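Next up: the same protein chain in two forms, each one alone, written as structure tokens (structure 1, then structure 2).
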Structure 1
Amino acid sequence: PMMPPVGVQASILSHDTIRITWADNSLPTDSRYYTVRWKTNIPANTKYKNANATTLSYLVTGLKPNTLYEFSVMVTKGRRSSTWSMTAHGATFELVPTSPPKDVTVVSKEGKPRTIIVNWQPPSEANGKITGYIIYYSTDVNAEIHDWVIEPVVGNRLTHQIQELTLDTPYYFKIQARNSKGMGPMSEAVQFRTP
């Protein structure tokens, strides 16, 4: 039985890249190769992805942003092979949201016709901790973004009330998520006509 690699470390490079490094004790030049394996910590049922390396490091790419991964290495030299090394852990950096806030809806507030309530769900691809949202509304759907009225939502709140709206007026609403990295994409405009 071959000696498994030691001193396994993870170096975070981006939202999709982690460098894995290790040491091989069976070295003081031959046909040996290392196999790096990784899977996300959660869900616990995740199948391992793996790659071969001929050096004492491997660049794990195509990872998901803001995700914790487990890494382990083994060595093979022909018919002989080792077990999996100690596990190294590494969580990719955050990235701007890459998806809009889901399930956007607008209702009129109970007994307040000039008041509306916006309701939504966090984006599917938040890619980090949501630091807020930005609501935009307009009487004209085709108006340039600066012409839309800005209504910021602080923190991961999933509701926001907008008061003093013109009656019997069709309004248009769209939202974008915000994280430590910036603004994500906008939702498709939802139309709502005030009573």
Structure 2
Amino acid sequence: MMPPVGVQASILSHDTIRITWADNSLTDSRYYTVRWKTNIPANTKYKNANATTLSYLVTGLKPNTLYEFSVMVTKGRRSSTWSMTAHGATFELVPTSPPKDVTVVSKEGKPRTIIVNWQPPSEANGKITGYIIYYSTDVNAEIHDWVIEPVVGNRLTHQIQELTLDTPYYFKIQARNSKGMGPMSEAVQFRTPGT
């Protein structure tokens, strides 16, 4: 059995790709089996689907992710091997989760200074173009009444100066990408050193 050819991937959204293929051998009761996979997370196997048409709509994919695609034909006992793989990367989606591991520490010899360290959101869903750090002495203040500090997206540390000594401060980070802003982290309370 001859394997399907001309395998193509058309990106339709952040979670949809349409796979199309040509069949050189061709009504009959044959069927196509489409397989796909990505390299995120570690050790994922192939997902599959059957299509009686020269196309298949792959949905539920992860945003901003490069997927592998190949199809095979089965006609009773007769079954082909897998086609030459086609690749497709889903579009970006707005960040759907907060920056992680938000940690705040006092800077050595600089008590009015703190260092905020964090990790990218699990669901960045695209290339992170920035973070916004919010800080306040009041955890209950309306967000527009918090200090707003935009920061680059390729650094996971930032130093905040001019804080008041012996004061509890609340910190929350938010990721940003081409599609917009994602959710904010739960506030982390840090109390500046006294003196």
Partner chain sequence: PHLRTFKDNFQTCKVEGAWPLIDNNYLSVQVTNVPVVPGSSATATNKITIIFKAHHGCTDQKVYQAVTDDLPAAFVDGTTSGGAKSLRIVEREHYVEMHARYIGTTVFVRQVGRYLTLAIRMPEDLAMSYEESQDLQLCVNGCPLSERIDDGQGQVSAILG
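Here, rigid core means the biggest group of C-alpha atoms that superpose within 1.5 Å across both forms. Here, a residue number simply tells you its place in the sequence of structure 1, counted from 1. Residues that one form lacks are left out of the comparison.
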Compare the two displayed forms of this chain and pick out the form deposited without the partner chain. 1
If I align on the rigid core, exactly one of 46, 57, 50, 61 should have its C-alpha move by 2 Å or more between structure 1 and structure 2; which residue is that? 46
Please give the CA displacement of residue 79 between structure 1 and structure 2, in Å, after core superposition. 2.0
Could you tell me how many Å the Cα atom of residue 149 shifts between structure 1 and structure 2 when the rigid core is held superposed? 0.8
Rigid-core overlay between structure 1 and structure 2 puts runs of three or more residues with Cα moved 2 angstroms or more at 41-46
